[PDB]
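**Student:** Sequence plus experimental coordinates follow:
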Number of protein chains: 2
Amino acid sequence: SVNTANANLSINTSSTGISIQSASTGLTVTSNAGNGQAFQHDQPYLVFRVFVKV
Amino acid sequence: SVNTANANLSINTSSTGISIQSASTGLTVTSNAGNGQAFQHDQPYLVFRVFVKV
């Protein structure tokens, strides 16, 4: 009878060569930035008085 | 006695089944864009002469 035995085997390392495709963040628009509140402006003025003739 | 020998062995290729987890681009705000200064504006404008009665 041929007695049982096992071949002495060992594997060596290798690099999978994995690769990554190109993707996108998917961002389509930034958030808003602005209130648009009422803004005060006055032209160069001088104050007078007005009298109606009677 | 049986003379030594080596088994006929071959390793088949296999994909590693790698998956890429989710991530964010990491940025939160853009850069300052506007430039603040004053510009000139005047309403519809006509000149007169002012005489004070003395």
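**Tutor:** Yes, it's here. Residues are numbered from 1 along each chain as shown, chains lettered A, B, ... in the order given.
**Student:** so residue A:44 is in which element?
**Tutor:** In this structure, residue A:44 is located outside every helix and strand according to DSSP states H and E.
**Student:** Next, count neighbours for it.
**Tutor:** By the measure other C-beta atoms under 10 Å in any protein chain shown, the count of residues near residue A:44 is 5. C-beta: built from backbone N, CA, C; applies to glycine.
**Student:** can you check residue A:42 too?
**Tutor:** Residue A:42: 5 surrounding residues under other C-beta under 10 Å.
**Student:** any idea how far it lies from residue B:43?
**Tutor:** Look at residue A:42 and residue B:43: by C-beta to C-beta, to the nearest Å, they are 11 Å apart.
**Student:** got it, and residue A:15?
**Tutor:** Taking C-beta to C-beta as the measure, residue A:15 falls 75 Å from residue B:43.
**Student:** And for residue A:23?
**Tutor:** Plainly put, residue A:23 is 55 Å away from residue B:43 if you go by C-beta to C-beta.
**Student:** do the same with residue A:50
**Tutor:** From residue A:50 over to residue B:43 (counting by C-beta to C-beta), the distance is 19 Å.
**Student:** Spatially central residue for chain A, please.
**Tutor:** A centroid search over chain A (C-alpha atoms, centre = their mean) returns residue A:27, at 6.1 Å, as the residue closest to the centre.
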